[PDB]
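So the protein sequences, as listed, match chains P, H, D, E, W, S, X, B, Z and F. First residue of the first sequence? That's 54 in the authors' numbering, and the numbers climb one at a time after it. First residue of the second sequence? That's 527 in the authors' numbering, and the numbers climb one at a time after it. First residue of the third sequence? That's 2 in the authors' numbering, and the numbers climb one at a time after it. First residue of the fourth sequence? That's 377 in the authors' numbering, and the numbers climb one at a time after it. First residue of the fifth sequence? That's 1 in the authors' numbering, and the numbers climb one at a time after it. First residue of the sixth sequence? That's 4 in the authors' numbering, and the numbers climb one at a time after it. First residue of the seventh sequence? That's 2 in the authors' numbering, and the numbers climb one at a time after it. First residue of the eighth sequence? That's 3 in the authors' numbering, and the numbers climb one at a time after it. First residue of the ninth sequence? That's 1 in the authors' numbering, and the numbers climb one at a time after it. First residue of the tenth sequence? That's 1 in the authors' numbering, and the numbers climb one at a time after it. Don't be surprised by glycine CBs; every beta carbon is placed ideally from N, CA and C.
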Amino acid sequence: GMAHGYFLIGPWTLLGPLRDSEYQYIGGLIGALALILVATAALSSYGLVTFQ
Amino acid sequence: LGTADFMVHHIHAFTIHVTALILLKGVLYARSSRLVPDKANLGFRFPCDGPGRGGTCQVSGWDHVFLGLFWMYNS
Amino acid sequence: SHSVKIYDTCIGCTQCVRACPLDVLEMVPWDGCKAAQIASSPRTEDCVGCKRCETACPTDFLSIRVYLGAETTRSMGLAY
Amino acid sequence: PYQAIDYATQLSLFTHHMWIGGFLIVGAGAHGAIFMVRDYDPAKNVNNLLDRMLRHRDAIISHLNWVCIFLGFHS
Amino acid sequence: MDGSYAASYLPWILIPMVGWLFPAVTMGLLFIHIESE
Amino acid sequence: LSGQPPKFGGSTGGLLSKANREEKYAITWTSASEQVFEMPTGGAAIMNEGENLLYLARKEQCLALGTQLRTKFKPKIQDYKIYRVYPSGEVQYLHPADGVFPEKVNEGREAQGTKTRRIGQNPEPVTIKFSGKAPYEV
Amino acid sequence: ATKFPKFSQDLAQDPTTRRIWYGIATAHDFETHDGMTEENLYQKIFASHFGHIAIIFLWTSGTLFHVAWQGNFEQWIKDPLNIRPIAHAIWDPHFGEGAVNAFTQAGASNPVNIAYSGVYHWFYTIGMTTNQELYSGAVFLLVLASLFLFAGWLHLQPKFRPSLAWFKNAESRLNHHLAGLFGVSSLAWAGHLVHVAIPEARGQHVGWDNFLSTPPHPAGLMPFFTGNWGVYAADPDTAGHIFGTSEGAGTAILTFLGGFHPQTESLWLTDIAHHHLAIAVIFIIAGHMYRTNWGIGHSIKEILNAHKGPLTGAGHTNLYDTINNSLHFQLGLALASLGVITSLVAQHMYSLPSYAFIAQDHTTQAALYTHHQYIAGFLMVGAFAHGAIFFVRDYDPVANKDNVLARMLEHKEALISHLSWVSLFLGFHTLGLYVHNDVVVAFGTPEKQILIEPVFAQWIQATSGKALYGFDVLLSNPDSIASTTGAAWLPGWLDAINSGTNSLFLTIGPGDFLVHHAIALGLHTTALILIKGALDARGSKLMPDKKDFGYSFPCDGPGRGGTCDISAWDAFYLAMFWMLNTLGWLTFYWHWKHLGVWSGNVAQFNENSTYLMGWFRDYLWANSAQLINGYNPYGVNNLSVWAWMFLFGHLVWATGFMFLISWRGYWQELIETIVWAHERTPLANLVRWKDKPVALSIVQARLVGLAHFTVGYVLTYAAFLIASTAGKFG
Amino acid sequence: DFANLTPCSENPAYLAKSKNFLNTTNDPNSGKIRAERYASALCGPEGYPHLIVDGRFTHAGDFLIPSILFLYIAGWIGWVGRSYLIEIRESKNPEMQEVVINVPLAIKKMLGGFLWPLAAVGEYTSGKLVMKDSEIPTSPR
Amino acid sequence: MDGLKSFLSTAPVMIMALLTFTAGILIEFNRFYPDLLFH
Amino acid sequence: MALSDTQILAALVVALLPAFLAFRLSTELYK
Ligand code: CLA
Ligand code: CLA
Ligand code: CLA
Ligand code: CLA
Ligand code: CLA
Ligand SMILES: CC1=C(/C=C/C(C)=C\C=C\C(C)=C\C=C\C=C(C)\C=C\C=C(C)/C=C/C2=C(C)C(=O)CCC2(C)C)C(C)(C)CCC1
Ligand code: SF4
Ligand code: SF4
Ligand code: SF4
């Protein structure tokens, strides 16, 4: 998680829609925070399915 | 060469690679595959091996040339 | 598992068994034709459904018929 | 002489020799596959380049499958 | 995105709910349902 | 199931995770000479002298080899046994089931799938709408 | 192993991804579920009807709610010819400042979508004038959807579950649907029109607060009960009446005026009220025809058994036992009859509009005709598709011995080959005359075109009253017995049929002749795939036991020469392209002829539609100009979403070509490499699928490729239809 | 009556365009001959001849004379192809006569096809034109 | 020579012989009598 | 003229009544 969370703000920081506002690092974080939240939901739904 | 020349060259790199994908898979899997392991006895130019195994439609090496011609047209 | 059915118009020339790639079909003794044998399908659990037997059948309409039923791992022909 | 200012000739000569060349590349995938069905003898092809190409078809095609999906998404 | 209509705060929350929260719950619950024993 | 494996350099077309989870298939044959055969999973391997043991992913791959072992060699290998191998160690012997090749008629074989009527003498689907049975079943 | 799908044990132990796909497509095929009885088939169908009805009511409520909330309905009724009707608000976080400014249109303060469904013209004509009335209609339809959602649950309860004999009571259902659902509902709609819609058209607000106090007529119901029905027609609205005000207004509630209101360019609401009341009386009388419980009336079995002649053998014997036992026969009769009348809705709403100022909203009438013809195109193909499902499943050759159904099977070779003849006879010549006209126009000689005046359809325009063609017959001749009968429609009808400012009976020429024969080619060939799908459904010479394999199966193998697309489902699948091609031809014809009628340049159509290049250049290339400039490097406008949708529909239509041209075992061998790649990739092989990844089945991507073809067909044309019309007139 | 049409001799759009008719063939007055021939037709708003196919003998040359000329020749092609196909199916090898044409038998049939309507009426009366439906290979319904 | 006559009497050659003769009629009719839209 | 904030919010509370009855119908039809 620490490895995947660390580079994931990178694409939205430098290439996201907020990259030319004053909230470039904020909009890069919320993009990657919401990506991890889907990613942990993809993990936990997989584990409920695969090991039952 | 600008940004539009970058994008259309990678389109050309894409569509050549698919035409390379269809035709090389038709050469390598001409004899056999995990789907139909006896395609060498069926020939080069056969339709299929029936609706079985889910459907073995266009498994022959002829049909990769058939699909590669469209992707050559597209490329 | 598919259903492989053999009908009474069989002439027993064994072409469905030789066309079978999954060892589904075999020749059993019978009294209804000159060759005195009818095709049988004891191993339709291994039936992929590819209908090579129906291609090899010379009678009209067909003496062997493959009906695509429920799909298993063996009938879908998966190595995975 | 005077080819480069005839924009019709420059467009047609590029296009015709594109299409002729693309058609012949697809025929390479054809007669590559016809060789494998008909003229490929495994007795004299043991551990050579062609036997080893057949021994990692899933390595070649799936990476070629990947680079087509990569290029299609990124062009 | 603005609005002169009343309850203009409602498309502020319903668009990311129908857009995101409704499919992530439904396809989340469908993925458990279609893949359970 | 005793037998040395044929001399093969390895391939990507062989066993996947199905072989160690659901089932795999073993073909066992006896060869007179050290000969080259085309693997049904891609590539060419060499038959060992004597008994050979080859594990394959599908029953079709074993029978594609057994078809090749019976018609693509100057001495025909007509003694190949085909097994279904389970991860629990139990082995089900498949082909040939009665020890006789199935294109030859053998006594003691019972008829399965025979229906004693024509293919046009099947009943209509309207008569069996909610019985759940197909026109070829009942 | 898996509990999905619960209705199929053959699919429940499928280890692959085909289980998920086939669980979706066999979900509504209730007859083939495991353990399905006959009465529980009808009871699950009955509650599915209740659920579908409430989805319609929620869809109408959502249309009513969003016009009341985010629309400009009170702003639009004060100038219906100028204000663009707003469908709903756009809330898209992807919008930049260009697209916010582009879609902030129709006098709104936010990005909005312009309504092209025509509901504003519909709501204003039926008396609605405030957003409170539309909101009250939406909340009531939420309640009306609740009363139908609960009723489906209630009729699934074992106390209120209806018996099989109740579902078989055809005489009671036909009496109650005709006298009730067709009759009372038309009587109640005429009741709404005379009470609410006609006085609100005449400036008098009639609502729920005061409709019991004011009467629709000053004379009351006493002329109705005394037989003096002409009081309700006296003092109609004159030609100087303004919709929504009392200036020039009459007092009549039921007129018989014939043609159009002059300002709105639609039918008189008093004619519309009189039409609904007249058909209500006829429908209530028609719902007293069948014998339900009082001895009088007809038995439907008795009528069908008596109707037999010498040329059809047994005639209509045991058709009551065939239709009432087959749900697919009833569905195929229902989809065909809805398919006819939805086309009739399309062909009558453009020529006889009934909603106020809808004849001036050109993009609405464009979108309304094309939507109803595309729906009717679906309903006609599915009628024949379910006609084939009936022959596979529900047809008994023993009970239908020598009746009209079996004799269609008996001469099915003469039916298909003559349909094959008519299609070839039409298509060799309609294409033959267009390609002739294209070449001679290309060769500098457009006078060498073979141009046929459509004399037979111009004659019918004359027999309804159009004297433009010089035929003096029936209604164009003022001295005939049809003209001199003293019909009260005739001064209003003859004024509307000869004005030329409407679309009532448009002037037709050689371009109209040639495209009706393409339409005739389109209807016959689409039928030809469908009757051959219906009658070879049971079997054919290549596959006699096709009824054993069912309706929707892939093939019979490559043996016997090859059996690709041999199922009756595949002739549904092939006729879907031909239906879209027919609908592509007729809606191109409707749009291009109306583009010249609305702009006044009728000579653009009449001199370029005779050859396909004028169709290609003056219609497809010319009218797509403002569409494809919906966005450009120099900005955006309100056609930016239609420009994106136009290219979206090109992508979906072309993606369907992949599933229709490339076939299965190419992709199954491709997936097997991808399956190998996942299994041998570290950090990813720890993730494993539960369902084995397989290719889509042979039937499935024929459906999936067709669905992409159809969604790609429709979203392409609806973008082009709207942006070319709203870019030119809107 | 065709009041929406005009004769091309009195059609003003035809008259301004018949003076610029392009020569289709090597004759330099081909467009002037076409201007004289197309003047007798019925023209629309832009001076092109609109043909009338309803059955009027005034416009019999529009469709009926093309109809009589087509159906004679197309009935001739259909009859001599039918009569060749019946003649070759009585031979030892009827299959080879279609891929390898018995050309003197074909010329003999083709020249005799000028009396195809009296021959098709005669074969219909004799019953050899139409086969009985119970004597035909038929699909299994 | 006899087998050359059989080759000239094949279905491809004779349909190319007939269509050339048919196009020979139609071109030579439209060269001396062009522009026949009606009779 | 325009709808109010309490009218839009009341319609959503009324819309929970078809939301609950469609849930009851869907689970009844699944049975
Ligand atoms: C325009 C039409 C179209 C499109 C979209 C596709 C798409 C595809 N073709 Mg192709 N193909 C077509 C027509 C088309 N085909 C036709 C006409 C034929 C019949 C002859 C074929 C036959 C065929 C063959 C025989 C082969 C392909 C392959 C492929 C893939 C190319 C590699 C890849 O993944 O690129 C990346 C994907 C794309 C470029 C598609 C667009 C993706 C968009 C940009 C993504 C947008 C985001 C997404 C929608 C967000 C989700 C939102 C949510 C609501 C769902 C891809 C899936 C090859 C393949 O699978 O090899 C890998 C292959 O071998 N095609
Ligand atoms: C079926 C009709 C229908 C349709 C297609 C629309 C469509 C839309 N609505 Mg909605 N709406 C409807 C019913 C409808 N509505 C009803 C009757 C109400 C009154 C209570 C609302 C209340 C409403 C609000 C308050 C909002 C929307 C908004 C919107 C937009 C985005 C989707 C969203 O956030 O939904 C949110 C919708 C709800 C929370 C309630 C809708 C409940 C309906 C009845 C469910 C319909 C289910 C359907 C019939 C079942 C078929 C499904 C099938 C396809 C499988 C879009 C224009 C947003 C908007 O205006 O964006 C600018 C927004 O903020 N709508
Ligand atoms: C008078 C009594 C009565 C009435 C009002 C109805 C009415 C209804 N029943 Mg019912 N029925 C009755 C008694 C009655 N039933 C009896 C006694 C029997 C027992 C024998 C049944 C047994 C029965 C069954 C078995 C079922 C029905 C169904 C239906 C529904 C038809 C579907 C629908 O939405 O219709 C809509 C129809 C109309 C609005 C009128 C017809 C419309 C046609 C197509 C043309 C109209 C054209 C016009 C221009 C449209 C204007 C539109 C406007 C926007 C411009 C409808 C609600 C079905 C259903 O859906 O169940 C819930 C169902 O399957 N009924
Ligand atoms: C522009 C495309 C187009 C064309 C012209 C055809 C043509 C035709 N379709 Mg269709 N079809 C198409 C697209 C098309 N279709 C597609 C996209 C689908 C979806 C898969 C189908 C589905 C389909 C089915 C399922 C059916 C038809 C049928 C037919 C016939 C309809 C009768 C007719 O008009 O014949 C007259 C017109 C023509 C034959 C057009 C060709 C005229 C040519 C140009 C002149 C003759 C050339 C000559 C042979 C010499 C060529 C020389 C060359 C080799 C150098 C005819 C063969 C039906 C049929 O065959 O029954 C009769 C049938 O059942 N089609
Ligand atoms: C001379 C032989 C001949 C005759 C008399 C028939 C007769 C029939 N054809 Mg046809 N047909 C033939 C050739 C023939 N056909 C061949 C060669 C083919 C392959 C192209 C077909 C394909 C075919 C179709 C696909 C259809 C017909 C149909 C029919 C009927 C309508 C008439 C018509 O114009 O159809 C139209 C016929 C064509 C477009 C093909 C004609 C091909 C050429 C022009 C005919 C002559 C060629 C031959 C080599 C001449 C031999 C000369 C001899 C001296 C060597 C009629 C029963 C229709 C039907 O069943 O309706 C009841 C129908 O659907 N036919
Ligand atoms: C005592 C009695 C009688 C007297 C009755 C009296 C004194 C008054 C009766 C009034 C009645 C019975 C009114 C009925 C109204 C029905 C309505 C209003 C139904 C609407 C249904 C739908 C589905 C509409 C949906 C929509 C809405 C909501 C919109 O807002 C617009 C879109 C649209 C789709 C149109 C009579 C003399 C008879 C005889 C003896 C019995
Ligand atoms: S379908 Fe194939 S595997 Fe099954 S019985 Fe026939 S030949 Fe054998
Ligand atoms: S089914 Fe066909 S192939 Fe098999 S024994 Fe009978 S006749 Fe021979
Ligand atoms: S659908 Fe495919 S597998 Fe089936 S018969 Fe046709 S070509 Fe063969």
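**Request:** Could you please give the first and the last residue of the uninterrupted alpha helix (DSSP H) stretch that includes X:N114?
**Result:** Segment 113-115 is the beta strand (DSSP E) holding X:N114; no alpha helix (DSSP H) there.
**Asked** What in chain W is Cβ-close to X:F96, meaning under 9 Å?
**Response** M1
**Item:** Meets three-Cβ-pair contact criterion under 8 Å: the region 39-47 of chain X and the region 422-439 of chain E
**Value:** The region 39-47 of chain X vs the region 422-439 of chain E: no contact.
**8 Å Cβ cutoff, X:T674 in contact with chain E** = Closer than 8 Å: yes.
**Asked** Using the beta-carbon of each residue, which ones in chain P are nearer than 9 Å to W:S36?
**Response** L101, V102, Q105
**Message:** Is the beta carbon of X:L255 closer than 8 Å to that of X:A234?
**Reply:** yes
**Prompt:** Going along chain S, which residues have a C-beta under 9 Å from E:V413?
**Reply:** Simply none; closest approach about 12 Å.
**Prompt:** Whole-angstrom Cβ separation of S:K27 and S:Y58, contact assumed at under 8 Å?
**Reply:** For a cut-off of 8 Å, the C-beta gap from S:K27 to S:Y58 is around 5 Å, short enough to register as a contact.
**Item:** Where S:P43 meets chain H, residues with beta-carbon distance less than 8 Å
**Value:** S558, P563, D564
**Request:** Check whether the Cβ of X:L575 lies closer than 7 Å to any heavy atom of ligand 4, and answer yes or no.
**Result:** yes
**Other residues of its chain near X:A528: CB distance less than 7 Å, five sequence neighbours each side excluded** = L420
**Asked** Near ligand 2, which residues have their beta-carbon closer than 5 Å to a heavy atom?
**Response** Going along the chain, the residues that qualify are W:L10, W:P11, W:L14, W:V18, X:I56, X:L59, X:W60, X:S62, X:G63, X:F66, X:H89, X:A90, X:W92, F:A11, F:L12, F:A15.
**Prompt:** What does F:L3 touch in chain W if you count any residue whose Cβ is under 9 Å from its own?
**Reply:** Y5, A6, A7
**Prompt:** Exposed or buried, which one is X:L434 when buried takes at least 16 other CB atoms within 10 Å?
**Reply:** The residue in question, X:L434, is buried, as its Cβ has 16 or more Cβ neighbours within 10 Å.
**Message:** Please confirm whether B:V101 has its beta-carbon closer than 8 Å to some beta-carbon of chain Z.
**Reply:** yes
**Message:** Under 9 Å, CB to CB, which of the residues in the region 6-21 of chain F have a partner in chain X?
**Reply:** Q7, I8, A10, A11, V14, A15, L17, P18, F20, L21
**Request:** Could you tell me whether the Cβ of residue 485 of chain H comes closer than 8 Å to any Cβ of chain X?
**Result:** Outside the displayed range of chain H (527 to 601) lies residue 485 of chain H, so it cannot be described from this structure.
**Request:** Would you kindly check if the distance between the Cβ of X:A90 and the Cβ of X:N111 is under 8 Å?
**Result:** yes
**Item:** Proximal residues to X:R408 (C-beta, below 8 Å), its chain only, five neighbours per side dropped
**Value:** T313, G314
**Message:** So P:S98 contacts chain W; which residues on that side make the cut at Cβ distance below 7 Å?
**Reply:** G28, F31, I32
**Message:** So with CB distances below 7 Å, who are the chain H contacts of X:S698?
**Reply:** Going along chain H in sequence order, the residues near X:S698 (Cβ under 7 Å) are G580, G581.
**Prompt:** Who pairs with S:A48 in a beta bridge, going by DSSP?
**Reply:** S:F40
**Message:** On the criterion of 16 or more Cβ atoms from any shown chain inside 10 Å, does X:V516 qualify as buried, or is it exposed?
**Reply:** buried
**Asked** By the criterion of Cβ-Cβ separation under 8 Å, what are the contact partners of S:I30 in chain C?
**Response** Here chain C cannot be found, since the structure's protein chains are P, H, D, E, W, S, X, B, Z and F.
**Asked** Residues in the region 9-29 of chain S with C-beta within 8 Å of chain E's C-beta atoms, listed in sequence order?
**Response** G12, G13, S14, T15, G16
**Item:** Short Cβ contact (8 Å threshold) for S:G6 with S:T44
**Value:** no
**Message:** Quick check: the Cα distance between S:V129 and X:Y552, rounded to an integer number of angstroms?
**Reply:** When rounded, the distance between both Cα atoms is 13 Å.
**Prompt:** Going along the region 85-109 of chain X in order, which residues come within less than 8 Å of chain W, judged by CB to CB distance?
**Reply:** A90, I91, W92, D93, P94, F96, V101, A109
**Message:** Checking 8 Å against the spacing of the C-beta atoms, do F:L25 and X:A724 come in under that value?
**Reply:** No, they are not a contact pair.
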